[PDB]
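A.B. asks: Sharing entry-v3.txt, compact mmCIF, C-alpha atoms:
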# COMPACT_ATOMS: atom_id res chain seq x y z
CA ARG A 37 -6.32 -9.85 13.27
CA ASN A 38 -3.71 -8.37 10.92
CA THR A 39 -2.91 -5.36 8.79
CA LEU A 40 0.87 -5.25 8.74
CA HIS A 41 0.61 -6.79 5.26
CA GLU A 42 -1.03 -3.58 4.05
CA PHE A 43 2.35 -1.86 4.51
CA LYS A 44 5.60 -1.28 2.63
CA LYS A 45 8.52 -1.83 5.02
CA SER A 46 11.78 0.12 4.68
CA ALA A 47 14.21 -1.08 7.37
CA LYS A 48 16.42 1.06 9.63
CA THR A 49 14.60 4.13 8.33
CA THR A 50 12.61 6.89 9.96
CA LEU A 51 10.76 10.05 8.99
CA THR A 52 10.94 13.71 9.91
CA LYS A 53 9.84 16.94 8.38
CA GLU A 54 11.44 19.52 10.70
CA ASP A 55 8.53 21.76 11.71
CA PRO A 56 8.14 23.45 15.14
CA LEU A 57 7.81 20.15 17.05
CA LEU A 58 4.42 19.51 15.36
CA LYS A 59 1.86 16.99 16.61
CA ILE A 60 3.26 13.48 16.16
CA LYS A 61 1.02 11.09 18.06
CA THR A 62 2.96 8.38 19.89
CA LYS A 63 2.11 5.41 22.13
CA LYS A 64 3.92 2.41 23.62
CA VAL A 65 2.82 -0.96 22.18
CA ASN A 66 4.06 -4.57 22.00
CA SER A 67 4.32 -5.14 18.24
CA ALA A 68 4.44 -3.42 14.84
CA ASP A 69 1.16 -5.11 13.84
CA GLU A 70 -0.42 -3.32 16.79
CA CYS A 71 0.74 0.01 15.31
CA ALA A 72 -0.60 -1.11 11.93
CA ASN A 73 -4.16 -1.75 13.08
CA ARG A 74 -4.39 1.59 14.86
CA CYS A 75 -3.04 3.28 11.75
CA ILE A 76 -5.43 1.80 9.18
CA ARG A 77 -8.43 2.13 11.49
CA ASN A 78 -7.46 5.72 12.41
CA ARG A 79 -9.14 5.45 15.82
CA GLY A 80 -8.26 8.40 18.05
CA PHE A 81 -6.72 10.46 15.23
CA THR A 82 -7.49 14.02 14.11
CA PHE A 83 -5.94 13.22 10.73
CA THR A 84 -5.13 10.47 8.22
CA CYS A 85 -2.29 8.06 8.84
CA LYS A 86 -0.15 7.38 5.77
CA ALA A 87 2.88 5.87 7.49
CA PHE A 88 4.28 4.97 10.92
CA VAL A 89 7.65 4.12 12.49
CA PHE A 90 8.11 1.37 15.06
CA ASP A 91 11.01 1.50 17.58
CA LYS A 92 12.12 -2.13 18.13
CA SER A 93 14.01 -1.36 21.38
CA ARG A 94 11.81 1.20 23.16
CA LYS A 95 8.72 -0.59 21.70
CA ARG A 96 7.10 2.78 21.00
CA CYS A 97 5.51 3.57 17.64
CA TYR A 98 4.98 7.00 16.09
CA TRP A 99 2.11 7.92 13.73
CA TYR A 100 2.67 10.19 10.72
CA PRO A 101 0.15 11.92 8.39
CA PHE A 102 2.69 11.89 5.52
CA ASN A 103 5.17 9.54 3.82
CA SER A 104 8.62 9.44 2.25
CA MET A 105 7.16 11.04 -0.85
CA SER A 106 5.17 13.83 0.79
CA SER A 107 5.95 17.49 0.11
CA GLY A 108 9.37 18.26 1.58
CA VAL A 109 10.16 15.54 4.10
CA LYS A 110 13.57 14.07 4.75
CA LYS A 111 14.08 10.40 5.59
CA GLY A 112 16.94 9.32 7.77
CA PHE A 113 18.24 6.27 9.56
CA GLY A 114 18.08 4.52 12.93
CA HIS A 115 19.44 1.08 13.73
CA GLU A 116 16.38 0.26 15.84
CA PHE A 117 13.59 1.77 13.73
CA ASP A 118 11.46 0.50 10.83
CA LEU A 119 9.32 2.63 8.55
CA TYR A 120 5.97 1.31 7.37
CA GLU A 121 4.34 3.22 4.57
CA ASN A 122 0.78 2.42 3.61
CA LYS A 123 0.78 0.76 0.17
CA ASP A 124 -2.43 2.49 -0.85
CA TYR A 125 -0.54 5.83 -1.10
CA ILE A 126 2.70 4.78 -2.79
CA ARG A 127 1.94 1.96 -5.22
CA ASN A 128 1.92 2.96 -8.88
CA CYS A 129 -0.71 0.31 -9.64
CA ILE A 130 -4.12 -1.20 -8.86
CA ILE A 131 -5.50 -4.36 -7.34
CA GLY A 132 -8.62 -5.14 -9.39
CA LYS A 133 -11.34 -2.49 -9.10
CA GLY A 134 -8.85 0.00 -7.65
CA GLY A 135 -11.05 0.91 -4.75
CA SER A 136 -8.05 1.64 -2.58
CA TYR A 137 -5.88 3.56 -5.00
CA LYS A 138 -4.47 6.66 -3.37
CA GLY A 139 -1.46 7.36 -5.61
CA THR A 140 -0.91 10.56 -7.56
CA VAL A 141 -1.89 9.95 -11.17
CA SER A 142 -3.92 12.96 -12.39
CA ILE A 143 -4.40 12.15 -16.08
CA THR A 144 -7.19 10.24 -17.86
CA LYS A 145 -6.86 7.39 -20.35
CA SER A 146 -7.07 9.72 -23.33
CA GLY A 147 -4.71 12.03 -21.45
CA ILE A 148 -6.80 14.90 -20.08
CA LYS A 149 -5.81 16.84 -16.96
CA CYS A 150 -8.15 15.88 -14.11
CA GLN A 151 -10.48 18.43 -12.54
CA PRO A 152 -9.90 18.99 -8.79
CA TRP A 153 -12.63 17.45 -6.64
CA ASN A 154 -12.97 20.55 -4.47
CA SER A 155 -14.23 22.29 -7.62
CA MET A 156 -17.43 22.52 -9.67
CA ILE A 157 -15.66 23.91 -12.71
CA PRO A 158 -15.90 22.67 -15.37
CA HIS A 159 -18.21 19.93 -14.01
CA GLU A 160 -20.74 20.27 -11.18
CA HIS A 161 -20.80 17.15 -9.03
CA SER A 162 -21.60 15.43 -5.70
CA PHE A 163 -18.17 14.00 -4.78
CA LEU A 164 -17.01 16.68 -2.36
CA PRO A 165 -14.43 15.17 0.05
CA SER A 166 -16.73 16.12 2.95
CA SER A 167 -19.15 13.42 1.81
CA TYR A 168 -16.48 10.85 0.90
CA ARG A 169 -14.33 11.06 4.02
CA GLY A 170 -11.55 8.47 3.97
CA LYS A 171 -11.61 8.05 0.21
CA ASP A 172 -8.98 10.79 -0.15
CA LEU A 173 -10.50 12.93 -2.83
CA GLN A 174 -7.58 15.31 -2.83
CA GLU A 175 -6.21 17.55 -5.59
CA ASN A 176 -7.17 15.95 -8.85
CA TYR A 177 -5.83 12.46 -8.29
CA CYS A 178 -7.73 9.57 -9.87
CA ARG A 179 -9.92 7.78 -7.35
CA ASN A 180 -12.65 5.15 -7.14
CA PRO A 181 -14.77 6.26 -4.16
CA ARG A 182 -17.58 3.79 -4.79
CA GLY A 183 -15.58 0.75 -5.80
CA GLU A 184 -17.29 0.49 -9.18
CA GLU A 185 -16.13 -1.53 -12.19
CA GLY A 186 -14.41 1.14 -14.25
CA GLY A 187 -11.58 1.50 -11.75
CA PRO A 188 -10.21 4.93 -10.81
CA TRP A 189 -11.43 7.92 -12.74
CA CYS A 190 -11.84 11.64 -12.36
CA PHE A 191 -13.85 14.59 -13.51
CA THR A 192 -12.19 15.98 -16.60
CA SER A 193 -10.82 19.51 -17.11
CA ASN A 194 -12.34 19.48 -20.61
CA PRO A 195 -15.88 20.89 -20.58
CA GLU A 196 -16.92 18.27 -23.15
CA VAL A 197 -15.84 15.09 -21.37
CA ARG A 198 -17.37 15.00 -17.86
CA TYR A 199 -15.56 11.98 -16.36
CA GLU A 200 -13.09 9.35 -17.60
CA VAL A 201 -11.20 6.34 -16.31
CA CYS A 202 -7.53 6.76 -15.53
CA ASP A 203 -5.31 4.16 -17.14
CA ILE A 204 -3.52 2.68 -14.14
CA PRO A 205 -1.77 -0.68 -14.67
CA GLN A 206 -2.76 -3.65 -12.65
CA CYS A 207 -0.16 -4.79 -10.13
CA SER A 208 -0.16 -8.11 -11.97
CA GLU A 209 0.87 -6.52 -15.21
CA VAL A 210 3.18 -3.65 -14.36
CA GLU A 211 6.31 -5.69 -13.89
CA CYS A 212 5.73 -8.69 -16.09
CA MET A 213 7.28 -12.16 -15.72
CA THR A 214 9.17 -14.48 -17.97
CA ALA A 215 10.19 -18.16 -18.06
CA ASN A 216 9.24 -19.68 -14.73
CA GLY A 217 9.37 -16.24 -13.17
CA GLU A 218 12.29 -16.95 -10.86
CA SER A 219 13.48 -13.43 -11.67
CA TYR A 220 10.15 -11.70 -10.95
CA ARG A 221 10.39 -8.80 -8.55
CA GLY A 222 7.16 -6.87 -9.12
CA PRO A 223 4.75 -5.69 -6.50
CA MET A 224 1.80 -8.07 -6.85
CA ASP A 225 0.70 -9.25 -3.41
CA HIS A 226 -2.51 -11.22 -4.08
CA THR A 227 -2.91 -14.84 -5.15
CA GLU A 228 -4.83 -16.13 -8.21
CA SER A 229 -8.02 -16.82 -6.23
CA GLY A 230 -7.66 -13.35 -4.76
CA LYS A 231 -6.23 -14.36 -1.38
CA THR A 232 -3.77 -12.04 0.33
CA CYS A 233 -0.11 -12.97 0.59
CA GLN A 234 1.40 -13.34 4.07
CA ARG A 235 4.62 -11.28 4.63
CA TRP A 236 7.76 -13.35 4.17
CA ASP A 237 9.23 -11.97 7.36
CA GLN A 238 6.28 -13.44 9.31
CA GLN A 239 5.82 -17.02 10.50
CA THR A 240 2.10 -16.65 11.03
CA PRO A 241 -0.47 -17.98 10.04
CA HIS A 242 1.98 -20.22 8.24
CA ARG A 243 5.38 -21.31 9.45
CA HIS A 244 7.96 -21.42 6.70
CA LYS A 245 11.66 -21.83 6.08
CA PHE A 246 12.17 -18.69 4.00
CA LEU A 247 13.83 -16.25 6.36
CA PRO A 248 14.64 -13.18 4.27
CA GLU A 249 18.02 -12.81 5.98
CA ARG A 250 18.98 -16.34 4.83
CA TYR A 251 17.87 -15.55 1.30
CA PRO A 252 19.30 -12.21 0.13
CA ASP A 253 18.99 -13.33 -3.50
CA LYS A 254 15.27 -14.12 -3.68
CA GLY A 255 13.75 -10.69 -3.06
CA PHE A 256 11.61 -11.57 -0.03
CA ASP A 257 10.35 -8.09 0.69
CA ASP A 258 7.06 -7.41 2.43
CA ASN A 259 4.52 -9.90 0.99
CA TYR A 260 5.29 -9.84 -2.73
CA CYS A 261 4.73 -12.89 -4.94
CA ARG A 262 7.96 -14.73 -5.43
CA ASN A 263 9.35 -17.99 -6.81
CA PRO A 264 12.41 -18.93 -4.77
CA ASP A 265 12.09 -22.68 -5.09
CA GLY A 266 11.56 -22.93 -8.87
CA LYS A 267 7.83 -23.68 -9.19
CA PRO A 268 6.37 -22.98 -12.69
CA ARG A 269 5.44 -19.42 -11.61
CA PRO A 270 5.59 -17.07 -8.56
CA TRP A 271 3.59 -17.72 -5.38
CA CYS A 272 3.00 -16.78 -1.77
CA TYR A 273 1.97 -18.12 1.60
CA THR A 274 -1.59 -16.91 2.16
CA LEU A 275 -3.43 -15.25 5.06
CA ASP A 276 -6.10 -17.99 5.00
CA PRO A 277 -5.10 -20.57 7.59
CA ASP A 278 -6.79 -23.16 5.37
CA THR A 279 -4.45 -22.66 2.41
CA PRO A 280 -0.71 -22.75 3.24
CA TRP A 281 0.24 -21.39 -0.19
CA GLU A 282 -1.06 -20.49 -3.62
CA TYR A 283 0.13 -19.31 -7.05
CA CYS A 284 -0.04 -15.67 -8.11
CA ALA A 285 -1.16 -14.87 -11.59
CA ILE A 286 1.41 -12.43 -13.01
CA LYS A 287 1.20 -11.27 -16.67
CA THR A 288 3.99 -12.55 -18.88
CA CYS A 289 6.19 -10.28 -21.05
CA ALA A 290 4.73 -10.70 -24.48
Output the file's structure in the form of structure tokens.
C.D. replies:
Amino acid sequence: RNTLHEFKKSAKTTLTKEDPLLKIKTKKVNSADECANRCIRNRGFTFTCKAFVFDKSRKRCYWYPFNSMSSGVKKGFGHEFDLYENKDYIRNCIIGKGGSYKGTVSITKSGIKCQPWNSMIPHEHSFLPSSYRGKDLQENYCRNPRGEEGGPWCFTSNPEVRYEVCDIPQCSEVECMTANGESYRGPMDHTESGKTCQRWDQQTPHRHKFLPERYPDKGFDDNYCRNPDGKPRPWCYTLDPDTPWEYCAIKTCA
């Protein structure tokens, strides 16, 4: 299995609020991917895991309920640590239907302040968080708890408009490309047929010559679509063992 690709790596970094010790669940493991799975599946947690640090030497990983952007939390440094923040919480963009969007946009297309989900004012409604556990209906952030076609949306703070889609750019269009896209550096991580890009720093399921350390110019972070070798457009090794690689379909700057 695999979930490490769901995460945004920031090397030699770690996290800390400062609070009176505070519960920070920890456990020895073999790999970072092992931390990943536990994190996204939340098994044995009294809370939701947004990020986690892995200690490459001690081979321990620590699970956090917040991330580098959370309310008052300092970062740091550590030669032997790596921080892995879930992409669902930090991206400023959507893959397709936006079922997994957990960023912090709280404004509709037409620009209305969203109504908080813990509220029935102005609009009465069934989407209490209690019923949509793990869909993160917090504050008044746009969400898409049922994975429907409109993408993320929210109840509106205008009595007249009950709900409305939030205009969140698609990861394929936020940073746009140009020429053969050798300069593309945007955050798209899925291929044209919808397959999921394998992380450049990994050699599995596909072995490949592109070690990020040997290629400081190409932007081989995480699993983002890139074009190091001058194809007609950016591309990625996939997570399907049956397809070594595949083009990504990034929107051009028009």
A.B. asks: Given the choices A:96, A:149, A:267, A:115, which gets closest to residue 200 of chain A if the distance is worked out from only C-alpha atoms?
C.D. replies: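 Of A:96, A:149, A:267, A:115, the one nearest residue 200 of chain A is A:149, counting only C-alpha atoms.
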A.B. asks: Please provide the set of residues having any atom within 10 Å of segment 232-248 of chain A, restricted to all atoms listed in the file, with same-chain residues fewer than 2 positions apart removed, written as number ranges by chain.
C.D. replies: A: 38, 40-43, 224-230, 250-262, 264-265, 271-284
A.B. asks: Residues within 9 Å of (-4.6, 11.4, -14.9), file coordinates, counting only C-alpha atoms: what are they? Give the list as a VMD selection string.
C.D. replies: chain A and resid 140 to 150 176 to 178 189 to 190 201 to 204
A.B. asks: Residue 152 of chain A: which residues within 12 Å, counting all atoms listed in the file, same-chain residues fewer than 4 positions away excluded, as a ChimeraX atom specification?
C.D. replies: /A:142-143,156-161,163-165,172-179,189-193,199
A.B. asks: Measuring between all atoms listed in the file, which one of A:91, A:121, A:54, A:69 shows the shortest distance to residue 108 of chain A?
C.D. replies: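 For residue 108 of chain A, the nearest of the given residues is A:54.
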A.B. asks: Determine the nearest neighbour of residue 51 of chain A from the options A:79, A:182, A:37, A:110, counting all atoms listed in the file.
C.D. replies: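 Smallest separation from residue 51 of chain A among the options: A:110.
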A.B. asks: One number please: atom CA of residue 109 of chain A to atom CA of residue 124 of chain A, in Å, one decimal.
C.D. replies: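 Interatomic distance, atom CA of residue 109 of chain A to atom CA of residue 124 of chain A: 18.8 Å.
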A.B. asks: Show me, as a compact mmCIF listing (two decimals) with C-alpha atoms, keeping the file's coordinate frame, the residues that have an atom within 7 Å of segment 214-220 of chain A when counting only C-alpha atoms, minus same-chain residues fewer than 4 positions from it.
C.D. replies:
# COMPACT_ATOMS: atom_id res chain seq x y z
CA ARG A 262 7.96 -14.73 -5.43
CA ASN A 263 9.35 -17.99 -6.81
CA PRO A 264 12.41 -18.93 -4.77
CA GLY A 266 11.56 -22.93 -8.87
CA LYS A 267 7.83 -23.68 -9.19
CA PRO A 268 6.37 -22.98 -12.69
CA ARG A 269 5.44 -19.42 -11.61
CA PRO A 270 5.59 -17.07 -8.56
CA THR A 288 3.99 -12.55 -18.88
CA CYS A 289 6.19 -10.28 -21.05
A.B. asks: Could you give me, as a tab-separated table (two decimals) with C-alpha atoms, in the frame of the given file, the residues within 12 Å of segment 56-59 of chain A, counting only C-alpha atoms and dropping anything in the same chain fewer than 3 positions from it?
C.D. replies:
chain	number	residue	atom	x	y	z
A	52	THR	CA	10.94	13.71	9.91
A	53	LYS	CA	9.84	16.94	8.38
A	62	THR	CA	2.96	8.38	19.89
A	81	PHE	CA	-6.72	10.46	15.23
A	82	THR	CA	-7.49	14.02	14.11
A	83	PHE	CA	-5.94	13.22	10.73
A	98	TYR	CA	4.98	7.00	16.09
A	99	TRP	CA	2.11	7.92	13.73
A	100	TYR	CA	2.67	10.19	10.72
A	101	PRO	CA	0.15	11.92	8.39
A.B. asks: Pick from A:170, A:222, A:186, A:114: nearest to residue 129 of chain A, with all atoms listed in the file counted?
C.D. replies: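 Counting all atoms listed in the file, the residue closest to residue 129 of chain A is A:222.
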A.B. asks: Report, in Å to a single decimal, how far apart atom CA of residue 73 of chain A and atom CA of residue 188 of chain A are.
C.D. replies: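 Atom CA of residue 188 of chain A sits 25.5 Å away from atom CA of residue 73 of chain A.
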